[PDB]
Amino acid sequence: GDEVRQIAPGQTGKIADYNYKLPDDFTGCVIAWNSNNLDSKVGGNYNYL
Amino acid sequence: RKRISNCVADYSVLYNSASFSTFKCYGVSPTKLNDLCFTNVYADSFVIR
């Protein structure tokens, strides 16, 4: 959840520099929603690397 | 206010740590710090709500 800000264009960070970056002149819409109940388990849903 | 001087600062390690909830630079970019030579640095520490 903390990385949602880095998704915005013109950002930086490990997410913005190692796995996903948006262009400076990005044109489009970004949509997000929590999926804790959908894709999280008490033992640790490590499927998301 | 602790003074910093007569040293070499590798700001990359500070910025790469995710333990920081906020890392905002207002006159410089955190990436550019690594290549930038300063006069004096004032490191001020406090605890706030």
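Protein sequence lines correspond, in order, to chains C and A. If you're matching positions, the first sequence starts at 404 in the authors' numbering and goes up one per residue. If you're matching positions, the second sequence starts at 355 in the authors' numbering and goes up one per residue. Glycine included, C-beta positions come from ideal geometry on N, C-alpha and C.
Three-state secondary structure assigned by DSSP to residue i
{"i": "residue 355(A)", "result": "coil"}
{"i": "residue 369(A)", "result": "helix"}
{"i": "residue 419(C)", "result": "helix"}
{"i": "residue 407(C)", "result": "helix"}
Span separating the alpha-carbon of residue i from that of residue j
{"i": "residue 423(C)", "j": "residue 407(C)", "result": "11 Å"}
{"i": "residue 392(A)", "j": "residue 358(A)", "result": "11 Å"}
{"i": "residue 447(C)", "j": "residue 439(C)", "result": "11 Å"}
{"i": "residue 413(C)", "j": "residue 368(A)", "result": "20 Å"}
{"i": "residue 366(A)", "j": "residue 450(C)", "result": "29 Å"}
Check whether residue i and residue j have beta carbons under 7 Å apart
{"i": "residue 389(A)", "j": "residue 355(A)", "result": "no"}
{"i": "residue 418(C)", "j": "residue 433(C)", "result": "no"}
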